[PDB]
Amino acid sequence: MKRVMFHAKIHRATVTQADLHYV
Amino acid sequence: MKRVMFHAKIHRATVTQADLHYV
Amino acid sequence: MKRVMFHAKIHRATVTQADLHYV
Amino acid sequence: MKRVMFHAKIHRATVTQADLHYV
Amino acid sequence: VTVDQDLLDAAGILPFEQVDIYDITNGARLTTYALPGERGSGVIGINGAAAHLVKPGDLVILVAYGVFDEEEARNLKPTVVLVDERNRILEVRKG
Amino acid sequence: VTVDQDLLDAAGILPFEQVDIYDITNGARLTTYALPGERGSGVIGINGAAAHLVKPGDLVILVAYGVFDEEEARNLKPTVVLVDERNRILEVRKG
Amino acid sequence: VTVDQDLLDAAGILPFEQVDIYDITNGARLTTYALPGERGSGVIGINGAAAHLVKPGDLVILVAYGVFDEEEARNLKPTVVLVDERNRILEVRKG
Amino acid sequence: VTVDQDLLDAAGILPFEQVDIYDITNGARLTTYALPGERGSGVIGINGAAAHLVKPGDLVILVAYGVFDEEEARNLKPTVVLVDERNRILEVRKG
Ligand SMILES: O=C(O)/C=C/C(=O)O
Ligand SMILES: O=C(O)/C=C/C(=O)O
Ligand SMILES: O=C(O)/C=C/C(=O)O
Ligand SMILES: O=C(O)/C=C/C(=O)O
(Lines give C-alpha, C1' and ligand atoms only; values in the text may rest on other atoms or scores of the structure.)
(Ligands and ions follow the chains in the order given, each with its own letter.)
Protein backbone atom coordinates (compact mmCIF):
# COMPACT_ATOMS: atom_id res chain seq x y z
CA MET A 1 0.00 0.00 0.00
CA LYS A 2 1.14 3.52 -0.81
CA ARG A 3 0.34 6.29 1.66
CA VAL A 4 -0.61 9.88 0.91
CA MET A 5 1.50 12.02 3.26
CA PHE A 6 1.93 15.72 4.00
CA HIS A 7 5.48 16.42 2.78
CA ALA A 8 5.76 20.21 2.86
CA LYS A 9 3.95 23.41 3.75
CA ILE A 10 4.34 27.18 3.90
CA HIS A 11 2.71 28.38 7.13
CA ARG A 12 0.72 31.57 7.68
CA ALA A 13 1.67 33.26 4.42
CA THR A 14 -0.04 36.53 3.51
CA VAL A 15 -1.87 36.79 0.19
CA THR A 16 -0.41 39.79 -1.63
CA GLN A 17 -2.47 39.87 -4.82
CA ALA A 18 -5.31 38.26 -6.76
CA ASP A 19 -6.49 38.24 -10.36
CA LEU A 20 -9.75 36.41 -11.02
CA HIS A 21 -9.67 37.22 -14.73
CA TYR A 22 -6.01 36.63 -15.59
CA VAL A 23 -4.92 34.54 -18.59
CA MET B 1 7.90 9.82 -3.49
CA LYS B 2 5.46 10.44 -6.31
CA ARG B 3 4.16 13.97 -6.84
CA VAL B 4 0.69 15.04 -7.90
CA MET B 5 1.21 17.68 -10.61
CA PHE B 6 -1.00 19.87 -12.79
CA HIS B 7 -0.37 18.47 -16.29
CA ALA B 8 -3.01 20.15 -18.45
CA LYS B 9 -5.86 22.65 -18.45
CA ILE B 10 -8.39 24.36 -20.68
CA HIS B 11 -8.57 28.02 -19.64
CA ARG B 12 -11.66 30.24 -19.50
CA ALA B 13 -13.96 27.93 -21.44
CA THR B 14 -17.64 28.86 -21.70
CA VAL B 15 -20.25 26.35 -20.53
CA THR B 16 -22.62 25.80 -23.45
CA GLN B 17 -25.15 23.38 -21.99
CA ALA B 18 -26.23 21.47 -18.89
CA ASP B 19 -28.45 18.48 -18.17
CA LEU B 20 -28.97 17.68 -14.49
CA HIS B 21 -31.25 14.74 -15.27
CA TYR B 22 -29.44 13.07 -18.18
CA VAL B 23 -28.75 9.33 -18.29
CA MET C 1 2.81 9.64 -15.53
CA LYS C 2 -0.14 7.85 -13.98
CA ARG C 3 -3.63 9.15 -14.70
CA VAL C 4 -6.60 9.28 -12.35
CA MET C 5 -9.56 7.95 -14.35
CA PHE C 6 -13.26 7.36 -13.74
CA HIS C 7 -13.55 3.56 -13.86
CA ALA C 8 -17.07 2.84 -12.62
CA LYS C 9 -20.30 4.43 -11.44
CA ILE C 10 -23.83 3.65 -10.32
CA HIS C 11 -26.15 6.20 -11.94
CA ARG C 12 -29.23 7.83 -10.40
CA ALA C 13 -29.53 5.51 -7.41
CA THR C 14 -32.11 6.33 -4.75
CA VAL C 15 -30.97 6.72 -1.15
CA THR C 16 -33.06 4.32 0.93
CA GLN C 17 -31.81 5.00 4.45
CA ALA C 18 -29.47 7.09 6.59
CA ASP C 19 -27.98 6.81 10.08
CA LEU C 20 -25.94 9.80 11.23
CA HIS C 21 -25.22 8.23 14.61
CA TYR C 22 -24.45 4.62 13.67
CA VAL C 23 -21.39 2.76 14.97
CA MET D 1 -5.09 -0.18 -12.05
CA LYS D 2 -4.46 0.93 -8.48
CA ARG D 3 -7.45 1.47 -6.20
CA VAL D 4 -7.90 4.12 -3.53
CA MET D 5 -9.27 2.29 -0.48
CA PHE D 6 -10.34 3.22 3.05
CA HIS D 7 -7.70 1.51 5.21
CA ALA D 8 -8.30 2.90 8.69
CA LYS D 9 -10.49 5.20 10.75
CA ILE D 10 -11.10 6.47 14.27
CA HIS D 11 -14.86 6.56 14.84
CA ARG D 12 -16.85 9.16 16.78
CA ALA D 13 -13.89 10.84 18.45
CA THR D 14 -14.51 14.00 20.47
CA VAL D 15 -12.59 17.15 19.58
CA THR D 16 -10.85 18.30 22.76
CA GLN D 17 -9.12 21.49 21.62
CA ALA D 18 -8.55 23.88 18.73
CA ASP D 19 -6.02 26.58 17.88
CA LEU D 20 -6.72 28.54 14.70
CA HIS D 21 -3.64 30.72 15.15
CA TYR D 22 -1.02 28.17 16.25
CA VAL D 23 2.44 27.98 14.67
CA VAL E 1 -22.31 4.37 2.02
CA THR E 2 -23.81 0.89 2.20
CA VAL E 3 -24.54 -0.45 -1.28
CA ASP E 4 -26.48 -3.56 -2.30
CA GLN E 5 -23.52 -5.80 -3.16
CA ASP E 6 -25.22 -6.85 -6.41
CA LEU E 7 -24.64 -3.27 -7.52
CA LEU E 8 -21.02 -3.26 -6.36
CA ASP E 9 -20.51 -6.51 -8.29
CA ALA E 10 -22.04 -5.07 -11.46
CA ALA E 11 -20.02 -1.85 -11.14
CA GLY E 12 -16.74 -3.52 -10.28
CA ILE E 13 -16.40 -1.35 -7.18
CA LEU E 14 -14.81 -3.17 -4.24
CA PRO E 15 -16.04 -3.03 -0.65
CA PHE E 16 -14.06 -0.30 1.16
CA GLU E 17 -13.13 1.41 -2.11
CA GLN E 18 -13.29 5.20 -1.98
CA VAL E 19 -16.22 6.68 -3.90
CA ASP E 20 -17.56 10.14 -4.56
CA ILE E 21 -21.27 10.83 -4.14
CA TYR E 22 -22.76 13.57 -6.31
CA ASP E 23 -26.31 14.41 -5.20
CA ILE E 24 -28.71 15.04 -8.10
CA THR E 25 -31.47 16.20 -5.77
CA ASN E 26 -29.58 18.89 -3.85
CA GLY E 27 -26.15 19.28 -5.47
CA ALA E 28 -24.06 18.03 -2.55
CA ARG E 29 -20.72 16.44 -3.47
CA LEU E 30 -18.66 14.36 -1.05
CA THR E 31 -16.02 11.65 -0.79
CA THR E 32 -16.50 8.53 1.35
CA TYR E 33 -16.22 4.76 0.84
CA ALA E 34 -18.46 1.85 -0.08
CA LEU E 35 -19.66 -0.91 2.24
CA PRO E 36 -21.36 -4.12 1.02
CA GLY E 37 -25.10 -4.20 1.63
CA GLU E 38 -27.53 -7.12 1.62
CA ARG E 39 -27.79 -8.51 -1.90
CA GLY E 40 -31.02 -7.76 -3.75
CA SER E 41 -32.24 -5.38 -1.03
CA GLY E 42 -31.54 -2.37 -3.21
CA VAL E 43 -30.08 -0.64 -0.18
CA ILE E 44 -28.23 2.66 -0.55
CA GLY E 45 -27.56 3.77 3.01
CA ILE E 46 -25.77 6.90 4.16
CA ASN E 47 -24.00 6.37 7.48
CA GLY E 48 -22.19 8.91 9.60
CA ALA E 49 -21.59 12.59 8.96
CA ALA E 50 -22.59 12.30 5.30
CA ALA E 51 -26.18 12.04 6.53
CA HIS E 52 -26.08 15.82 6.96
CA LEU E 53 -25.81 16.24 3.19
CA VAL E 54 -27.41 13.20 1.54
CA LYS E 55 -30.98 12.37 2.59
CA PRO E 56 -33.30 9.38 2.07
CA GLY E 57 -35.17 9.90 -1.20
CA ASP E 58 -32.27 11.74 -2.83
CA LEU E 59 -31.16 10.67 -6.31
CA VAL E 60 -27.38 10.22 -6.37
CA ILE E 61 -24.46 9.23 -8.57
CA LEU E 62 -21.71 7.07 -7.06
CA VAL E 63 -18.39 7.37 -8.88
CA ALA E 64 -15.13 5.49 -8.37
CA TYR E 65 -11.77 6.67 -9.74
CA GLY E 66 -8.64 4.57 -10.18
CA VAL E 67 -4.97 5.28 -10.84
CA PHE E 68 -3.86 4.03 -14.27
CA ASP E 69 -0.66 3.41 -16.19
CA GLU E 70 -0.47 5.18 -19.57
CA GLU E 71 -1.39 2.03 -21.51
CA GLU E 72 -4.33 0.87 -19.38
CA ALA E 73 -5.71 4.41 -19.23
CA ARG E 74 -5.97 4.63 -23.02
CA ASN E 75 -7.79 1.30 -23.24
CA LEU E 76 -10.11 1.93 -20.29
CA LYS E 77 -13.82 1.29 -20.78
CA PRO E 78 -15.67 2.61 -17.68
CA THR E 79 -18.57 0.60 -16.29
CA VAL E 80 -21.92 2.36 -15.88
CA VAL E 81 -24.70 0.71 -13.88
CA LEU E 82 -28.19 2.05 -14.55
CA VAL E 83 -30.86 1.29 -11.93
CA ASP E 84 -34.57 1.85 -11.32
CA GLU E 85 -36.35 3.58 -8.43
CA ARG E 86 -35.80 0.51 -6.24
CA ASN E 87 -32.11 0.28 -7.14
CA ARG E 88 -32.54 -2.85 -9.25
CA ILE E 89 -30.22 -3.14 -12.25
CA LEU E 90 -31.77 -2.11 -15.57
CA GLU E 91 -28.63 -2.17 -17.68
CA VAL E 92 -24.83 -2.10 -17.47
CA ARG E 93 -22.84 -0.17 -20.07
CA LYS E 94 -19.16 -0.69 -20.92
CA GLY E 95 -17.06 2.31 -21.92
CA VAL F 1 -18.37 17.28 -18.35
CA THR F 2 -18.64 16.79 -22.10
CA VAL F 3 -15.77 18.51 -23.90
CA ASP F 4 -15.29 19.12 -27.63
CA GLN F 5 -12.73 16.38 -28.31
CA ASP F 6 -10.58 18.83 -30.28
CA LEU F 7 -9.97 20.53 -26.94
CA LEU F 8 -9.22 17.26 -25.17
CA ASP F 9 -6.76 16.43 -27.96
CA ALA F 10 -5.03 19.81 -27.64
CA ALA F 11 -4.89 19.55 -23.84
CA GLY F 12 -3.74 15.95 -23.73
CA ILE F 13 -6.62 15.06 -21.40
CA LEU F 14 -8.06 11.60 -22.04
CA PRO F 15 -11.75 10.76 -22.19
CA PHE F 16 -12.83 9.56 -18.72
CA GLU F 17 -9.87 11.27 -17.05
CA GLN F 18 -10.72 12.97 -13.76
CA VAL F 19 -10.75 16.77 -13.97
CA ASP F 20 -11.44 19.61 -11.59
CA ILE F 21 -13.71 22.45 -12.67
CA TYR F 22 -13.05 25.86 -11.11
CA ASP F 23 -15.86 28.30 -11.92
CA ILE F 24 -14.65 31.83 -12.71
CA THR F 25 -18.19 33.20 -12.78
CA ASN F 26 -19.39 31.99 -9.37
CA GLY F 27 -16.41 30.44 -7.57
CA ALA F 28 -17.69 26.86 -7.46
CA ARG F 29 -15.00 24.15 -7.40
CA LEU F 30 -15.71 20.49 -8.08
CA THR F 31 -14.19 17.21 -9.24
CA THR F 32 -15.71 15.12 -12.04
CA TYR F 33 -14.48 13.53 -15.28
CA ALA F 34 -14.27 14.39 -18.97
CA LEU F 35 -16.36 12.90 -21.77
CA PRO F 36 -15.57 13.38 -25.48
CA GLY F 37 -17.89 15.82 -27.24
CA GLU F 38 -18.55 16.36 -30.94
CA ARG F 39 -15.40 17.73 -32.58
CA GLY F 40 -15.51 21.39 -33.55
CA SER F 41 -18.84 21.96 -31.80
CA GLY F 42 -17.16 23.86 -28.99
CA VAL F 43 -19.36 21.99 -26.55
CA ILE F 44 -18.72 22.24 -22.81
CA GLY F 45 -21.65 20.42 -21.23
CA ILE F 46 -22.32 19.88 -17.54
CA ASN F 47 -24.21 16.64 -16.92
CA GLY F 48 -25.61 15.33 -13.68
CA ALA F 49 -25.41 16.81 -10.20
CA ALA F 50 -22.70 19.28 -11.22
CA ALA F 51 -25.45 21.22 -13.01
CA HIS F 52 -26.43 22.57 -9.58
CA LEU F 53 -23.14 24.47 -9.39
CA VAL F 54 -21.97 25.17 -12.95
CA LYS F 55 -24.44 26.93 -15.25
CA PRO F 56 -24.60 27.62 -19.01
CA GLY F 57 -22.79 30.89 -19.68
CA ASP F 58 -20.31 30.36 -16.84
CA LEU F 59 -16.60 30.84 -17.55
CA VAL F 60 -14.65 27.86 -16.21
CA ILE F 61 -11.18 26.38 -15.91
CA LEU F 62 -10.76 22.62 -16.42
CA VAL F 63 -7.65 21.22 -14.77
CA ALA F 64 -6.18 17.71 -14.87
CA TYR F 65 -3.59 16.42 -12.39
CA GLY F 66 -1.34 13.41 -12.83
CA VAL F 67 0.89 11.32 -10.56
CA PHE F 68 4.57 11.69 -11.42
CA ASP F 69 7.88 10.02 -10.65
CA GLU F 70 10.56 12.36 -9.27
CA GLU F 71 12.33 12.66 -12.63
CA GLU F 72 9.29 13.25 -14.84
CA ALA F 73 7.87 15.75 -12.35
CA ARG F 74 10.96 17.97 -12.58
CA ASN F 75 10.85 17.97 -16.38
CA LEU F 76 7.09 18.47 -16.66
CA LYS F 77 5.83 21.20 -18.98
CA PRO F 78 2.05 21.58 -18.42
CA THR F 79 -0.20 22.15 -21.43
CA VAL F 80 -2.47 25.20 -21.39
CA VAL F 81 -5.24 25.53 -23.97
CA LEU F 82 -6.60 29.06 -24.45
CA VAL F 83 -9.99 29.37 -26.15
CA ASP F 84 -12.41 32.07 -27.32
CA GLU F 85 -16.05 32.67 -26.39
CA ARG F 86 -17.13 29.82 -28.67
CA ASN F 87 -14.54 27.44 -27.23
CA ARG F 88 -12.38 27.46 -30.37
CA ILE F 89 -8.63 27.13 -29.79
CA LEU F 90 -6.72 30.42 -29.87
CA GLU F 91 -3.37 29.12 -28.64
CA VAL F 92 -1.74 26.23 -26.80
CA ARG F 93 1.12 26.91 -24.39
CA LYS F 94 3.72 24.38 -23.21
CA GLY F 95 5.06 24.63 -19.67
CA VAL G 1 -5.19 17.41 13.60
CA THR G 2 -3.24 16.31 16.67
CA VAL G 3 -4.21 12.79 17.69
CA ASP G 4 -3.31 10.86 20.85
CA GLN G 5 -0.62 8.61 19.38
CA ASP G 6 -2.15 5.58 21.11
CA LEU G 7 -5.05 6.06 18.70
CA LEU G 8 -2.78 6.46 15.69
CA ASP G 9 -1.00 3.25 16.75
CA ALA G 10 -4.28 1.35 17.07
CA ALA G 11 -5.55 2.68 13.73
CA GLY G 12 -2.33 2.13 11.83
CA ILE G 13 -2.34 5.76 10.69
CA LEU G 14 1.14 7.29 10.48
CA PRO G 15 2.10 10.73 11.76
CA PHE G 16 1.87 13.17 8.82
CA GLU G 17 -0.47 10.87 6.89
CA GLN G 18 -3.30 12.66 5.11
CA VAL G 19 -6.70 12.13 6.72
CA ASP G 20 -10.23 13.29 6.07
CA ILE G 21 -12.34 14.60 8.93
CA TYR G 22 -16.10 14.14 8.64
CA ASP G 23 -17.92 16.11 11.35
CA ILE G 24 -20.90 14.25 12.86
CA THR G 25 -22.01 17.30 14.83
CA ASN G 26 -22.21 19.83 11.99
CA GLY G 27 -21.60 17.97 8.72
CA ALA G 28 -18.30 19.64 7.80
CA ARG G 29 -15.93 17.55 5.66
CA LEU G 30 -12.28 18.41 5.15
CA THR G 31 -8.86 17.00 4.28
CA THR G 32 -5.79 17.61 6.44
CA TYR G 33 -3.09 15.47 8.08
CA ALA G 34 -2.43 13.78 11.41
CA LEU G 35 0.12 14.84 14.03
CA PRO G 36 1.12 12.66 17.01
CA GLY G 37 -0.35 13.82 20.31
CA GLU G 38 0.64 12.96 23.88
CA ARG G 39 -0.08 9.29 24.52
CA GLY G 40 -3.05 8.55 26.76
CA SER G 41 -4.15 12.20 26.82
CA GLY G 42 -7.06 11.46 24.51
CA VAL G 43 -6.24 14.64 22.63
CA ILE G 44 -7.97 15.43 19.34
CA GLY G 45 -6.82 18.94 18.49
CA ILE G 46 -7.75 21.01 15.46
CA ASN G 47 -4.96 23.39 14.47
CA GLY G 48 -5.00 26.06 11.81
CA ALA G 49 -7.74 26.99 9.37
CA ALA G 50 -9.70 23.81 10.08
CA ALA G 51 -10.67 25.41 13.39
CA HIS G 52 -13.23 27.43 11.42
CA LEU G 53 -15.17 24.23 10.67
CA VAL G 54 -14.44 21.73 13.46
CA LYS G 55 -15.06 22.91 17.02
CA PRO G 56 -14.20 21.56 20.49
CA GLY G 57 -17.01 19.23 21.56
CA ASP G 58 -17.72 18.08 18.01
CA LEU G 59 -18.01 14.35 17.32
CA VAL G 60 -15.87 13.44 14.30
CA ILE G 61 -14.74 10.56 12.13
CA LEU G 62 -11.10 10.47 10.98
CA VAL G 63 -10.57 8.41 7.83
CA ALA G 64 -7.36 7.47 6.03
CA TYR G 65 -7.25 6.19 2.44
CA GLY G 66 -4.38 4.34 0.79
CA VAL G 67 -3.44 3.42 -2.78
CA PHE G 68 -3.56 -0.34 -3.37
CA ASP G 69 -2.44 -2.87 -5.95
CA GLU G 70 -5.22 -5.12 -7.29
CA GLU G 71 -4.24 -8.04 -5.06
CA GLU G 72 -3.80 -6.15 -1.78
CA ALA G 73 -7.03 -4.23 -2.38
CA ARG G 74 -9.08 -7.44 -2.57
CA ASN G 75 -7.58 -8.77 0.67
CA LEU G 76 -7.80 -5.48 2.57
CA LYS G 77 -9.35 -5.54 6.04
CA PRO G 78 -9.79 -1.91 7.21
CA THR G 79 -9.05 -1.05 10.83
CA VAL G 80 -11.79 0.66 12.84
CA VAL G 81 -10.98 2.19 16.22
CA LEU G 82 -13.98 2.80 18.48
CA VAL G 83 -13.49 5.25 21.37
CA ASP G 84 -15.42 6.67 24.32
CA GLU G 85 -16.22 10.30 25.20
CA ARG G 86 -12.66 10.79 26.47
CA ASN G 87 -11.13 9.26 23.34
CA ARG G 88 -9.99 6.10 25.13
CA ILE G 89 -10.04 2.92 23.05
CA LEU G 90 -13.09 0.71 23.59
CA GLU G 91 -12.50 -1.73 20.75
CA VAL G 92 -10.62 -2.18 17.47
CA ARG G 93 -12.29 -3.98 14.57
CA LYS G 94 -10.53 -5.60 11.62
CA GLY G 95 -12.20 -5.54 8.20
CA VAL H 1 -1.25 30.33 -6.77
CA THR H 2 1.93 32.21 -7.63
CA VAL H 3 4.55 31.75 -4.93
CA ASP H 4 7.88 33.54 -4.47
CA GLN H 5 10.17 30.79 -5.76
CA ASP H 6 12.48 31.27 -2.77
CA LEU H 7 9.61 29.86 -0.72
CA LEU H 8 9.02 26.97 -3.11
CA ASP H 9 12.75 26.20 -2.92
CA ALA H 10 12.73 26.22 0.88
CA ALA H 11 9.58 24.08 1.02
CA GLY H 12 10.67 21.60 -1.61
CA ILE H 13 7.44 22.17 -3.54
CA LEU H 14 7.89 22.05 -7.32
CA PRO H 15 6.39 24.51 -9.78
CA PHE H 16 3.10 23.02 -11.06
CA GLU H 17 2.79 20.72 -8.04
CA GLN H 18 -0.74 20.43 -6.66
CA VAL H 19 -1.23 22.21 -3.35
CA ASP H 20 -4.10 22.76 -0.96
CA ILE H 21 -4.78 26.23 0.41
CA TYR H 22 -6.39 26.43 3.85
CA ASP H 23 -7.47 30.00 4.63
CA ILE H 24 -6.83 31.04 8.25
CA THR H 25 -8.72 34.30 7.82
CA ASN H 26 -12.02 32.93 6.47
CA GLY H 27 -11.85 29.13 6.63
CA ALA H 28 -11.93 28.47 2.88
CA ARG H 29 -10.22 25.26 1.74
CA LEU H 30 -9.33 24.54 -1.88
CA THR H 31 -7.03 22.56 -4.17
CA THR H 32 -5.00 24.20 -6.94
CA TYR H 33 -1.35 24.24 -8.04
CA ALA H 34 1.77 26.33 -7.48
CA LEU H 35 3.42 28.65 -9.98
CA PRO H 36 6.90 30.16 -9.49
CA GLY H 37 6.87 33.83 -8.56
CA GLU H 38 9.63 36.44 -8.69
CA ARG H 39 12.31 35.53 -6.15
CA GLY H 40 12.46 37.70 -3.05
CA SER H 41 9.25 39.54 -3.95
CA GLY H 42 7.31 37.69 -1.26
CA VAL H 43 4.48 37.27 -3.74
CA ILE H 44 1.54 35.01 -2.92
CA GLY H 45 -0.91 35.59 -5.75
CA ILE H 46 -4.30 33.98 -6.25
CA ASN H 47 -5.18 33.66 -9.93
CA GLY H 48 -8.42 32.48 -11.47
CA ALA H 49 -11.56 31.21 -9.79
CA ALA H 50 -9.81 30.79 -6.43
CA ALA H 51 -9.94 34.59 -6.15
CA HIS H 52 -13.59 34.17 -5.13
CA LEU H 53 -12.49 32.46 -1.91
CA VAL H 54 -9.00 33.70 -1.04
CA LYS H 55 -8.53 37.47 -0.82
CA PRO H 56 -5.50 39.79 -0.59
CA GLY H 57 -4.63 40.21 3.09
CA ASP H 58 -5.76 36.70 4.00
CA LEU H 59 -3.45 34.51 6.08
CA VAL H 60 -3.13 31.08 4.46
CA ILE H 61 -1.45 27.71 4.78
CA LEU H 62 -0.16 26.02 1.62
CA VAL H 63 0.17 22.25 1.95
CA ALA H 64 1.59 19.69 -0.47
CA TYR H 65 0.93 15.94 -0.21
CA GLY H 66 2.92 13.17 -1.87
CA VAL H 67 2.41 9.46 -2.49
CA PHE H 68 4.87 7.32 -0.53
CA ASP H 69 6.10 3.74 -0.41
CA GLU H 70 5.81 2.07 3.00
CA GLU H 71 9.49 2.59 3.82
CA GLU H 72 9.81 6.23 2.76
CA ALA H 73 6.55 7.11 4.50
CA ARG H 74 7.85 5.90 7.87
CA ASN H 75 11.06 7.91 7.52
CA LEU H 76 9.39 11.06 6.20
CA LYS H 77 10.30 14.37 7.83
CA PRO H 78 7.93 17.06 6.46
CA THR H 79 9.32 20.50 5.69
CA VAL H 80 7.66 23.50 7.33
CA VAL H 81 8.48 27.02 6.13
CA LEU H 82 7.62 29.80 8.58
CA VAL H 83 7.38 33.33 7.15
CA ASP H 84 6.75 36.89 8.32
CA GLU H 85 4.07 39.39 7.24
CA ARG H 86 6.01 40.10 4.04
CA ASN H 87 6.45 36.41 3.25
CA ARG H 88 10.17 36.41 4.01
CA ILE H 89 11.55 33.19 5.51
CA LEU H 90 11.97 33.24 9.28
CA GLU H 91 12.76 29.56 9.79
CA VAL H 92 12.47 26.15 8.14
CA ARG H 93 11.67 23.10 10.26
CA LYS H 94 12.36 19.47 9.33
CA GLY H 95 9.92 16.78 10.45
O1 LIG I 1 -18.12 6.84 9.43
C2 LIG I 1 -17.62 6.64 8.33
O3 LIG I 1 -16.92 5.66 8.17
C4 LIG I 1 -17.85 7.59 7.21
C5 LIG I 1 -18.60 8.69 7.39
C6 LIG I 1 -18.86 9.66 6.29
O7 LIG I 1 -18.40 9.49 5.16
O8 LIG I 1 -19.53 10.64 6.52
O1 LIG J 1 -23.13 11.48 -13.63
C2 LIG J 1 -21.92 11.58 -13.66
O3 LIG J 1 -21.26 10.73 -14.22
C4 LIG J 1 -21.23 12.74 -13.02
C5 LIG J 1 -21.94 13.69 -12.38
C6 LIG J 1 -21.29 14.86 -11.74
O7 LIG J 1 -20.07 15.02 -11.76
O8 LIG J 1 -21.99 15.67 -11.16
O1 LIG K 1 -1.57 24.30 9.35
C2 LIG K 1 -1.69 23.15 8.93
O3 LIG K 1 -0.70 22.46 8.82
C4 LIG K 1 -3.02 22.62 8.55
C5 LIG K 1 -4.13 23.38 8.66
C6 LIG K 1 -5.48 22.88 8.30
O7 LIG K 1 -5.65 21.73 7.90
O8 LIG K 1 -6.43 23.63 8.40
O1 LIG L 1 -6.58 28.94 -13.71
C2 LIG L 1 -5.99 28.10 -13.06
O3 LIG L 1 -5.04 27.52 -13.57
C4 LIG L 1 -6.41 27.76 -11.68
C5 LIG L 1 -7.46 28.38 -11.11
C6 LIG L 1 -7.91 28.08 -9.73
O7 LIG L 1 -7.33 27.26 -9.03
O8 LIG L 1 -8.88 28.66 -9.29
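Side chains included, hydrogens not; waters and symmetry mates left out as well; all remaining heavy atoms used. Counting starts at 1 for both ligands and their atoms, in listed order. Every chain is numbered from 1, with letters handed out A, B, ... down the list of sequences.
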**Q.** Selected option - heavy-atom contact closest to atom 4 (C) of ligand 2, from E:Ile61, E:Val60, F:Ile21
**A.** E:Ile61
Q: Indicate, as side chain, backbone, both or neither, the part of H:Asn47 found under 4.0 angstrom from ligand 4 when only non-hydrogen atoms are considered.
A: backbone
Q. Quick one: does F:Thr31 get an N or O within less than 3.5 Å of an N or O on ligand 2?
A. no
Q: Give a yes or no answer on whether the side chain of H:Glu17 reaches the backbone of B:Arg3 with a donor-acceptor pair at less than 3.5 Å.
A: no
Q | Contact check: H:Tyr33 vs ligand 4, nitrogen or oxygen atoms, below 3.5 angstrom | A | yes
Q: Measure the spacing between OG1 of F:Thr32 and CD1 of F:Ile46 and express it to the nearest 0.5 Å.
A: 7.5 Å
Q) Can you check whether G:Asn87 reaches D:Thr14 side chain to side chain, under 4.5 Å on heavy atoms? A) yes
**Q.** Close-contact set for ligand 2 against E:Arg29 heavy atoms, below 4.0 Å
**A.** 6 (C), 7 (O), 8 (O)
Q. Do any heavy atoms of E:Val63 fall under 4.0 Å from ligand 2?
A. no
Q) Does G:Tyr22, backbone or side chain, put an N or O under 3.5 Å from an N or O of ligand 1? A) no
Q: Please identify which atoms of ligand 2 are closer than 4.0 Å to at least one heavy atom of F:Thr32.
A: 6 (C), 7 (O)
Q. What atoms in ligand 2 come closer than 4.0 Å to a heavy atom of F:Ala49?
A. 8 (O)
Q) For ligand 1, which atoms have a heavy atom of C:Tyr22 less than 4.0 angstrom away? A) 1 (O), 2 (C), 3 (O)
**Q.** Separation between OG of E:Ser41 and CZ of E:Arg88, rounded to the nearest 0.5 Å
**A.** 7.0 Å
(Q) Would you call the rings of B:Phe6 and H:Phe16 parallel, tilted or perpendicular, taking 30° and 60° as the class edges? (A) perpendicular
Q. In terms of side-chain heavy atoms, does G:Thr79 have a donor or acceptor partner in D:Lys9 at a distance below 3.5 Å?
A. no
Q.
Could you check, using the six-membered ring where one of them is a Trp, whether B:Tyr22 and C:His11 have ring centers closer than 6.0 angstrom?
A. yes
